[PDB]
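Colleague: For reference, the structure I am asking about is given below.
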Amino acid sequence: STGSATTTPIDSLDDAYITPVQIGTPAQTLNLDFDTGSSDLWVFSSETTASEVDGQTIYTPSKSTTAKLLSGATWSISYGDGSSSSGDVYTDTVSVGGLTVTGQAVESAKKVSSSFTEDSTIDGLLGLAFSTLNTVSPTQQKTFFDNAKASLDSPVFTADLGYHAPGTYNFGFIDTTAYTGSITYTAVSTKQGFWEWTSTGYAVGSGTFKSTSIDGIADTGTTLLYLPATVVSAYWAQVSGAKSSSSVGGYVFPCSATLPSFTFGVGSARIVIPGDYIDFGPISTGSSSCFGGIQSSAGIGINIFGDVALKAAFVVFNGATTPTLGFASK
Ligand SMILES: NCCN1CCOCC1
């Protein structure tokens, strides 16, 4: 089997991408944030605290003839951005663009933090990192990709995020028309439960490529590109007026600037992030100071190849016996 679904940016800045997911019988369609940096499929629901729901579409398990309460199971997750959610668990039929998983764990939120409540366009998350990170207790549950894997024509999923435009998540196949040149595959460590790999280096605009090992995670659930301070300083030093602002919480730059591109290495291959992809607009409404799309990972503990980097590439998340990541220009 295969699945194919369109992913759409939630706003004019590509702050996040939402993909429609069918849950239950009859189908209840929710727009989920596909996240390769986490492993829980959770949704806003009929059980979520009323004051914590502000415009999201909710899953109502009582209206699904295939929903079964997973007895005694609870979940609770805290994300790197400080956001959190928790609740109970149902098993139900979940479909993504024609691909169906019966008995998928659907984690129903009873509580969500303010960051989730304020994003009316995100109805929940669909985790695509390794099932070892799944928070369901006392019986850990599998991701949608893990459950579909055996059935897929090829044990892979692909992320093709658009810049200011819709993109696609495919399951079980590689669309050879979606990229240019070849896909370069690179080793993955699953020790931390992430799609963790090692970039071979970087270039800033037309600058000379620096060969240097950058360990990081391919994370569709993180908006920006988080890299070592030395790398991020070398990037923003090419932008007149750019500076790291402690009050804003990162590098800001004059909105009148034309940003240089950023290249990252994948083996001998090179992915080029055009400069406009690094502009995240005014720091506050009406300001002429803009927020940078490349930020320091110093306070995180890990480098993150978020949407800023991934959207410049066709990315293969290869779930073969030994998982690998593939990158192609597009
Ligand atoms: N609610 C703050 C976080 N979100 C994250 C996704 O994009 C919009 C802003």
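We count from 1, first residue shown onward.
For this deposited structure, the header notes the method as X-ray crystallography, 1.9 Å.
Using N, Cα and C of the backbone, Cβ positions are placed for all residues, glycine too.
Taken from Swiss-Prot, the feature active site covers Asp35, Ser199. Feature annotation from Swiss-Prot assigns disulfide bond to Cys255-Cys290. The feature domain 'Peptidase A1' is assigned by Swiss-Prot to 17-328.
I'd like these features described in context: how deep, what's nearby, how far apart.
Modeller: The Cβ of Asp35 (active site) has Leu125, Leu126, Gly127, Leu128, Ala129, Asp219, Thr220, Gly221 as same-chain neighbours under 8 Å, each 6 or more residues away in sequence.
For the recorded site, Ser199 (active site), the DSSP three-state label reads strand.
Of all Cβ atoms in the protein chains displayed, 21 besides its own lie within 10 Å of the Cβ of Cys290 (disulfide bond).
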Colleague: Taking 10 A as the limit, how many CB atoms besides its own sit near the CB of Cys255 (disulfide bond)?
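Modeller: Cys255 (disulfide bond): 14 neighbouring Cβ atoms within 10 Å.
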Colleague: Round to a whole number and give the Cα-to-Cα distance in Å for the pair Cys290 (disulfide bond) and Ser199 (active site).
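Modeller: Distance between the two Cα atoms comes out at 27 Å.
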Colleague: Show which residues of the chain containing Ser199 (active site), separated from it by at least 6 in sequence, have their CB under 8 Å from its CB.
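Modeller: Result: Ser213, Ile214, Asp215, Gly216, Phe264, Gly265, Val266, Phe305.
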Colleague: Please classify the secondary structure at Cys290 (disulfide bond) using three-state DSSP.
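Modeller: The three-state answer is strand.
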